[PDB]
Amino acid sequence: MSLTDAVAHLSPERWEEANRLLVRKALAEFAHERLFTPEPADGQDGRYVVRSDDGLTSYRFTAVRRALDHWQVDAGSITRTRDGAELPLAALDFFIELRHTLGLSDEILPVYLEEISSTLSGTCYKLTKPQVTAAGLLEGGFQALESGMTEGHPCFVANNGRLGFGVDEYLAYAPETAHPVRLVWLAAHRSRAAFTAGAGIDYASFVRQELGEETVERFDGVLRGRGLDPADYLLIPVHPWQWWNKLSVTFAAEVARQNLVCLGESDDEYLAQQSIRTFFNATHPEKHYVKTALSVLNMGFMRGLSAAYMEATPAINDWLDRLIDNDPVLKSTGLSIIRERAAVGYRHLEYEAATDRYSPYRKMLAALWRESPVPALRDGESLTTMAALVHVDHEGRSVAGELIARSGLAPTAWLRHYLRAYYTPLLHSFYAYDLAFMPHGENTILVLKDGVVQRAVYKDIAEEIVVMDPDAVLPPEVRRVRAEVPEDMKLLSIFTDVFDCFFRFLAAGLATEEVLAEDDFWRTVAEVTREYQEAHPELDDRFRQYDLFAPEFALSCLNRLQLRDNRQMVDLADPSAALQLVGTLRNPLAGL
């Protein structure tokens, strides 16, 4: 409410800590992407230095170098020097001084600085939260972990901008604040809107289950009072931010003409997940997630949702689900997906006429419902986002460290269970089906029992999967997920997304934490890779064609994508084109 309370989290001490942490990450991850090469130090062994565009400002730091060109920069070691004088660490100055070394055009730079300022504000807010250990997050439970995550995506520096949120909207809607949100419900006329049902879904029963017979009837009452037949309308849940700031103005014609009718708030209370636009039902955890369209800029993309793509989303989930159920190799890993079960899209005829297929004006009003992983739990089982494995608390304990400890297992035995539940299905998906995911910490959930990973749950399916075989035999609703990927890039779905974008941080984390040395981590990864491959000699050709044990693989840079284009990191027509490969990495599996 208060003017002064809304920015109270922005204090000099928290701002200083946020800037140190962000610059540390910038030094580490821009080094990794070879945007700059830290020259060895003036005499000191682990010391390094990086210089501004003009050479006159120097950032000196210490760093432990680790596998996959990992740089763990010590935050407390960083110093900013100019003319022999120390200057305060400032992320904004850093990016301006390096504007040309990084590919930051004159057009992108001020927006990127906003994303940086916004990320730093988020860190300040997170610093005001009660301190919680890895043990406390686990004892807190599923949403305690979800809203307790602090880092966000570990590669991207400008990863938590949420551009579009005012400070009051940040407090209301950001996942790390965990404030309950009531979704806005609209009635959408069937001439413009369409509901697509997964197998076994019926619109009428679906909306009764999810809203309650009482609310459906109240909504039908509001429509009939306006002279509208409820049989002409479909329900669409919308994010409050999207309604107040976008739909009520941009779609004012549709509202005024009663193609859209605002019904009011949901009775249930929802919690934003790490993707921001996707909500978990806190009142009834068994009910579906709701994924909304949110025309906010975060980490390289506007986070709307395509009305057109909703038509085939549940069919792609029904197909993948049956594929897993009918493959004993996947069924034995325990893999499951939480299916996208129903979807609604609104086709704005006029904005479609005025734009092209790639326009964000076509991604402003749509929603899908996704199964909750809670009812499937057995006695003693619990859920965590895979992103928790690389979350480190204020005592230096990662949540993976705490799990290993509580499990009583040797680290490699614990790591083997995790890899069998999470990594093995990726190998089988790749080699037996040309199938790839986007399996980062936010798209993966882990089922825990006795501290041990029992199985993995994948989500965000229809927007993310790809069958890397244009001639692949699929049912028609699914064929749009095929794509031509160059041969020497197909295996990057493992090399980049798993090894260099997640395992790199998990292995380095567990080593610094004195839980598991790097070599023992990557040996376990090799052992699990061989445990799969030796079980299926019929695929030996493909194991040779796509060598996970090759000496090197390509360095596929992630921040460079956002630096080149922070509105749309990859073209969705040709996503392989946007990749920026910059030399090679030594593969840890080689020789193993």
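Numbers follow the displayed sequence, beginning with 1.
- In the other compared entries of this protein that model both flanking residues, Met569 lacks coordinates in at least a third of them.
- A summary of the deposited B-factors shows that, of 533-541 and 36-44, the stretch with the larger mean C-alpha value is 36-44.
- For the pair 375-383 and 169-177, the mean Cα B-factor is higher in 375-383.
- Take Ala483, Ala144, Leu113, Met302 and read off each C-alpha B-factor from the entry; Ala483 has the highest.
- When the C-alpha B-factors of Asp232, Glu269, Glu254, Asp519 are ranked from the entry, the top spot goes to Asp519.
- In this PDB entry, the Cα temperature factor of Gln72 sits in the top third of its chain's modelled residues, the highest group.
- For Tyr433, the recorded CA temperature factor ranks within the highest third of the chain's modelled residues.
- Looking at the C-alpha B-factors along this chain, the one for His100 belongs to the highest third.
- In the deposited entry, the Cα temperature factor of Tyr203 sits in the middle third of values across the chain's modelled residues.
- The entry lists a Cα temperature factor for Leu10 that places it in the lowest third of the chain's modelled residues.
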